[PDB]
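Atoms considered below: every heavy atom in the structure, side chains included; atoms not considered: hydrogens, waters and symmetry mates. Sequence positions, counted from 1, serve as the residue numbers for this chain.
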Amino acid sequence: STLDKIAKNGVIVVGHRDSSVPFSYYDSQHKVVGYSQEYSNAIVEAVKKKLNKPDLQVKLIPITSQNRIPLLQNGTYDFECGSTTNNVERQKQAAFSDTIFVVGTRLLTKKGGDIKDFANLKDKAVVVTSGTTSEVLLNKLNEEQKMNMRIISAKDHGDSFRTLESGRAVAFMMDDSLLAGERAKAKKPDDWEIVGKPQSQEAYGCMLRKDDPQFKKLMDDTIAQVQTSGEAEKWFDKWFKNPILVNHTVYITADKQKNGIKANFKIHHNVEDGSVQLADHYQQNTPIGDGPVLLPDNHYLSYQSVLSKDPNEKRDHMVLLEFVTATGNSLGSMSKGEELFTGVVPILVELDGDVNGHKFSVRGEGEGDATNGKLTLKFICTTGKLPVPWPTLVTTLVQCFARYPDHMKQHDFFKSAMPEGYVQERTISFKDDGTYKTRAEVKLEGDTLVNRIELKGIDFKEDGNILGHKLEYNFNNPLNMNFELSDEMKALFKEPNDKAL
Ligand SMILES: N[C@@H](CCC(=O)O)C(=O)O
C-alpha cells in the first residue's frame with residue numbers, strides 16, 4: 001500500500017508536470033505551482049496527519065504525459081495532481097481521485113488562417129503531445145474519417161506549442177485550458193486563437209496506483225473537503241485570474257549585505273523581423289540614508305505596461321501607463337515612508353545617457369498612485385532624436401509606486417527608504433549586442449518623487465537591433481487565463497465525484 005511505503009520510507013514522492021499551465025508547472029524561479037498542485041500540497045498535509053509523521057519529507061519528481069503511468073506503476077512516484085484525464089481505459093492501469101477539473105479538447109491555431117474546425121485539418125500537419133488523449137483522438141480521426149493528417153508528436157505541451165509557433169504545424173490539438181496556458185507563454189499571445197468543436201469532454205483526476213483503496217480514500221476525502229468548503233474555487237480564482245508568473249516577471253530578493261534589495265530578470269523586446277531581443281537585467285538597490293529600512297522576503301513585482309504616443313506631440317517621446325502589483329506565488333503601516341505614498345505623488349524623471357558615444361537626454365513627468373499601483377508618465381528626448389529604441393529605456397525610466405497589498409506591506413523596501421531615497425543600479429545586457437549600465441537616485445525632494453539617472457551604453461552594434469532602431473514599439477506583459485468557473489465545475493465542487501466522463 002502507498003501509505004505503508006510512505007511510512008516506511010519517511011518520504012512521499014509527488015509527481016508533477018513541467019508546463020501544464022495553469023495546473024502544474026514551473027514558475028520563473030523553477031518552483032512548481034498551479035491549481036492542481038494545490039491539491040498535491042493538501043494531500044501531502046493529509047498524509048502527514050494520517051500517519052502522524054509531521055516531519056515527513058516531500059520529494060518532487062517531473063513526469064510527462066507519456067511516462068506518467070509507467071513511473072507510477074514501478075513506484076518512482078506515489079501520486080500526481082496535474083492535467084491527467086481519468087478514463088476507463090486508464091483505470092485498468094491506475095486509479096483516479098475525485099475529479100478536480102473538466103476540459104474540452106480543441107485546437108490552437110494562428111489567426112488569419114483557414115483552420116476554423118477539425119474538418120480543416122484534412123491533409124495537414126497537426127502537433128499534439130505524446131501519450132495524451134488528444135493524440136489518440138487524432139489517430140482515430142485519421143483511421144475513421146480518412147483525414148490524412150500528418151501527426152507530429154512532441155514530448156510536452158511547451159514543445160508542442162513551439163512547433164506550432166515556429167510554423168511547423170497548422171494547429172496544436174490539446175485540452176482547451178492547456179492551450180490557453182501555452183498561448184500565455186507565447187512570443188505573441190494575441191496571434192493565437194482556440195477554435196473548433198471540442199472532440200471530447202474530459203475529467204482531470206489526481207493519479208495514484210490502482211488497488212490501493214485506503215490511499216484513494218484519503219485523497220478523495222481531502223479533495224472533497226477542499227471542494228465543498230469553497231477552497232477549490234479560491235484556488236481556481238488564484239491560478240486562473242492572476243498573472244502567470246512564467247515570462248516577463250520581476251523577482252525581488254533581499255540584499256542584506258547592502259541593506260537593500262536586488263533582482264535578476266529578463267525583458268523580451270519584439271524585433272520588427274519577428275525575432276525577440278533579450279535584455280538581461282541585473283539590479284541592486286541600496287538606501288541613501290541611514291534610517292531603518294524593510295528587508296523583504298522573496299516576492300514578485302508584476303508589471304503591466306502600455307506604451308503610446310501623444311497625437312499633438314512633435315518631439316521624440318513615449319507615453320507610459322503602468323500598473324505594478326507586488327505578489328507572492330505560493331501554494332496554500334510598516335514604515336514611515338509608506339505613509340508618504342497614500343495619495344498621488346508628482347514624478348520627475350531625468351536621464352542623461354551615452355550609448356557608444358551618442359549623447360542624449362530624456363525628461364519625464366507624471367504621477368504615481370501606489371494605492372492602485374498606477375503610473376502615468378510622459379518622456380521627451382530633449383536632445384533630438386533618441387538614438388536607441390524607447391522600449392529599451394522603459395525599465396530604467398520608480399518601484400516605490402508598486403501596490404503592496406495589506407498582507408505584504410512589511411516587504412516594501414522601496415517606500416521604507418523614503419524620503420531620503422535609494423540608489424538603483426542595473427546592468428542591462430542585450431544578447432548578441434551592447435550593455436547598458438545605469439545608476440539612479442530615487443528620492444522625495446519636497447513633494448516630488450525624483451528619479452535622476454545616468455546611463456552608459458557600450459559595445460553596441462551600429463547596425464544591430466538597438467542602434468539600428470529595429471525594435472517594435474510595444475511591451476510584453478504577463479497574462480492571465482481570464483477564465484470563469486463554469487456551472488458544471490461549481491456543481492461538481494458541491495457534489496464531488498470520481499467518475500470518468
Ligand atoms: N488530459 C489529457 C492531456 C493533458 C496531459 O496529458 O497533460 C491526458 O491526460 O492525456
Side-chain angles (χ1 to χ4, degrees), residues 17-25 63-70 82-93 101-205 207 274 481 483 500-501:
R17 305 307 298 277
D18 182 270
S19 76
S20 287
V21 178
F23 300 98
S24 171
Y25 66 96
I63 65 186
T64 66
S65 291
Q66 183 138 84
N67 73 19
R68 59 187 158 202
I69 289 178
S83 56
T84 303
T85 292
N86 171 3
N87 62 34
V88 170
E89 156 194 295
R90 285 164 184 193
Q91 282 173 30
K92 305 177 180 180
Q93 306 294 354
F101 206 70
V102 176
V103 299
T105 50
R106 301 185 73 199
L107 295 164
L108 191 68
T109 195
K110 201 155 179 289
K111 292 170 174 168
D114 63 351
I115 305 309
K116 296 286 136 262
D117 215 325
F118 280 81
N120 305 124
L121 302 177
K122 184 135 208 273
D123 301 321
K124 301 182 190 190
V126 179
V127 68
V128 71
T129 301
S130 300
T132 60
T133 47
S134 284
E135 181 178 51
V136 170
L137 285 163
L138 280 177
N139 283 299
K140 276 187 197 168
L141 281 169
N142 270 352
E143 285 156 39
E144 310 184 350
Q145 291 261 12
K146 311 303 289 133
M147 292 290 296
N148 191 39
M149 273 177 302
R150 177 157 50 84
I151 300 168
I152 304 169
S153 297
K155 176 166 64 123
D156 210 351
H157 306 313
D159 308 299
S160 291
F161 174 72
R162 283 183 288 279
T163 300
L164 169 72
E165 187 176 49
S166 76
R168 277 161 83 120
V170 311
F172 174 20
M173 188 174 165
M174 200 40 57
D175 308 2
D176 50 2
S177 283
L178 292 177
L179 294 178
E182 290 307 317
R183 172 176 62 200
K185 300 183 285 169
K187 297 169 180 187
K188 287 205 192 208
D190 288 349
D191 279 357
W192 307 102
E193 63 185 347
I194 298 167
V195 307
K197 298 173 153 165
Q199 291 311 277
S200 62
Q201 300 297 306
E202 304 192 3
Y204 288 179
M207 203 149 54
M481 273 321 276
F483 282 16
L501 299 190

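Separating the CG atom in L178 from the OG atom in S83 is a distance of 5.0 Å, to the nearest 0.5 Å.
Side chain to side chain, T129 and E135 fail the donor-acceptor criterion of an N or O pair below 3.5 Å. Side-chain atoms of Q66 and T64 form no donor-acceptor pair, as typed in the model, at a separation below 3.5 Å. In the model, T84 has no side-chain atom that pairs as donor or acceptor with a side-chain atom of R17 under 3.5 Å. Of the N and O atoms on the side chains of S134 and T105, not one donor lies less than 3.5 Å from an acceptor on the other residue.
Classified by interplanar angle (parallel below 30°, tilted 30° to 60°, perpendicular above 60°), the ring pair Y204/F101 is tilted.
The side-chain heavy atoms of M174 and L108, taken from C-beta on, include no pair separated by under 4.5 Å. When side chains are defined from C-beta on, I115 counts as touching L107, because their heavy atoms get closer than 4.5 Å.
Residues satisfying the ring-ring contact (aromatic ring centres under 6.0 Å, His included) criterion with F161, sequence neighbours excluded, are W192. With sequence neighbours left out, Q91 forms a side chain to side chain donor-acceptor pair (under 3.5 Å) with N86.
The only member of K110, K116, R183, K111 that meets salt bridge (charged side-chain N to carboxylate O under 4.0 Å, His left out) when paired with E193 is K116. A side chain to side chain contact (heavy atoms under 4.5 Å, CB included) with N148 is found for one member of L121, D123, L141 and no other, namely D123.
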Item checked: Chi angles and distances behind the salt bridge (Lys or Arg N to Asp or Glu O under 4.0 Å) call for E143, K140 -> CA-CA 5 Å; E143 285 156 39; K140 276 187 197 168; over 6 Å; no
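Formation of a donor-acceptor pair under 3.5 Å by the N87 side chain with backbone atoms of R90 is found in this model.
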